[PDB]
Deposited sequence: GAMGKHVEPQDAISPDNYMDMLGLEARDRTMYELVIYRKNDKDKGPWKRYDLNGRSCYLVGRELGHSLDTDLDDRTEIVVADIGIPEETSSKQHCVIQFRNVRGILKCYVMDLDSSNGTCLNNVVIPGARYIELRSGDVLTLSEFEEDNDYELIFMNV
């Protein structure tokens, strides 16, 4: 199971220490598009401000055991697929993705990332939960706002 770094911090706690009103702080979201009807707009938005880490993985609703905090209906995604991890990096809040040695891989902006390695996320970045785009019905967009 995933063990958080010593400098893990939630965006809420970080931004609160800095004494920031809504308009003066950065907030974080995972925007989920269901590809087949993305013209209708985002299917869901997951708030990423309250925890220092979020486990992404399979949750179909098709009995199913769910471990992930962010459950995506991807048939070929793993139950524990990847983690979104916030870190207070020498005083600067940064966010990383790490693939948890998933079966099919995690793609960041169409690049399969190396397994078990934090890779920095930037606003607008697109995650998909397989190295095979053909198999992905969803795309997950990391947003800073």
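Gaps between the deposited sequence and the modelled structure occur at positions 1-4, 67-75.
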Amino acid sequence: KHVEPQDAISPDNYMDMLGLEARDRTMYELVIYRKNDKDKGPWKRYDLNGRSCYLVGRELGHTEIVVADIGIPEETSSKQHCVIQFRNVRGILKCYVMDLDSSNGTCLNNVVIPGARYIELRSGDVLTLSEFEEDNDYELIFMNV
From here on, numbers count along this sequence of modelled residues.
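Higher average CA B factor: 38-46, of the stretches 38-46 and 90-98. When the mean C-alpha temperature factors of 11-19 and 126-134 are read from the deposited coordinates, 126-134 comes out higher. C107 sits in the middle third of its chain by CA B factor, as recorded in the PDB entry. In the deposited entry, the Cα temperature factor of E29 places it in the lowest third of its chain's modelled residues. In the deposited entry, the Cα temperature factor of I84 places it in the lowest third of its chain's modelled residues.
The PDB entry assigns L140 a C-alpha temperature factor belonging to the lowest third of its chain's modelled residues. When all modelled residues of the chain are sorted by CA temperature factor, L60 is found within the highest third.
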